[PDB]
């Protein structure tokens, strides 16, 4: 049909269409005013691919390798040692905090614009080792359809990710239709100064915020100032975001992207170092969280090139 053409008939497609209709039709008992139609998405594993590692970790790896010729101490200092020796099991222990700390330690003292240029150049030159396309083409076509569908019904679509806010902001508008003011992520602190008479923001070697696990409802409440009426995630790091939206007196809709398709994408859940999905999957039924089976529910995974 017209809406969600890459989605087969499934629990998830039925729930999405029913819910959006119910909250946007004047006179419906569940009608939500346009201004309150906030929906939050994780990025890694929800909107795009996160195997064999988080894309920002791939970026951090290349950056460390490029910088390593000035750092004899990195042959022994963690996590740089793991990065240099290509030790993927060690790197899986970083999490959101470790990933932003690694990025923080390697890009302090430069401006926001300098960092953006670095990210932009990397994300157009690097490619996925499996798909041999830019990482920004390893986005999920069915989720692009979902984003458009929601925006057509006057939802504001936000990203709420553990990844670095400034890693996603350079390309999220072009790729997802999501502007920088609707991207929430982990961050370092900034300092204002003038350089050559030019006002700039400079990155500090200090953490500002880690937007994962119980951090997600905090990031949402601080930045958006509203409880979202819908949320989509894929891992146990999304548990609190989904709960905040769906549980107690709130009656919002939560969905989980379940990676079940080893042929067209990757199959993983409870054992995965990246995007581990276990506790949230077990509790889905009791919470009313609707699970998207990628293998069965999506007609295509990625957009045509």
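Numbering follows the first chain given and starts at 1.
| query | In the PDB record, does 43 to 51 or 248 to 256 carry the higher mean Cα temperature factor? | reply | For C-alpha atoms only, the mean B-factor is higher in 248 to 256.
| query | Out of 191 to 199 and 178 to 186, which one has CA B-factors that are higher on average in the deposited record? | reply | So the stretch with the higher mean C-alpha B-factor is 191 to 199.
| message | Quiz for you: based on the deposited Cα B-factor, which of 129, 217, 228, 142 is highest? | response | Of 129, 217, 228, 142, 129 has the highest C-alpha B-factor.
| query | Out of 210, 91, 172, 165, which residue has the highest Cα temperature factor in the PDB record? | reply | Each of 210, 91, 172, 165 was compared by C-alpha B-factor; the highest is 91.
| request: Using the B-factor values recorded in the entry, state whether the Cα atom of residue 221 falls in the lowest, middle or highest third among the modelled residues of its chain. | output: Lowest third, going by the recorded CA B-factors of the chain.
| request: Select lowest, middle or highest to describe the third in which the CA B-factor of residue 108 falls within its chain in this entry. | output: Middle third of the chain for residue 108's C-alpha B-factor.
| request: Would you check the entry's CA temperature factor for residue 155 and let me know if it's in the chain's lowest, middle or highest third? | output: Middle third of the chain for residue 155's C-alpha B-factor.
| query | Hey, what third does residue 276 fall into on Cα B-factor, ranked over its chain? | reply | It belongs to the middle third of the chain when residues are ordered by C-alpha B-factor.
| task | Grab the CA temperature factor for residue 76 from the record and place it in the lowest, middle or highest third of its chain. | result | Tercile = highest for this residue's CA B-factor.
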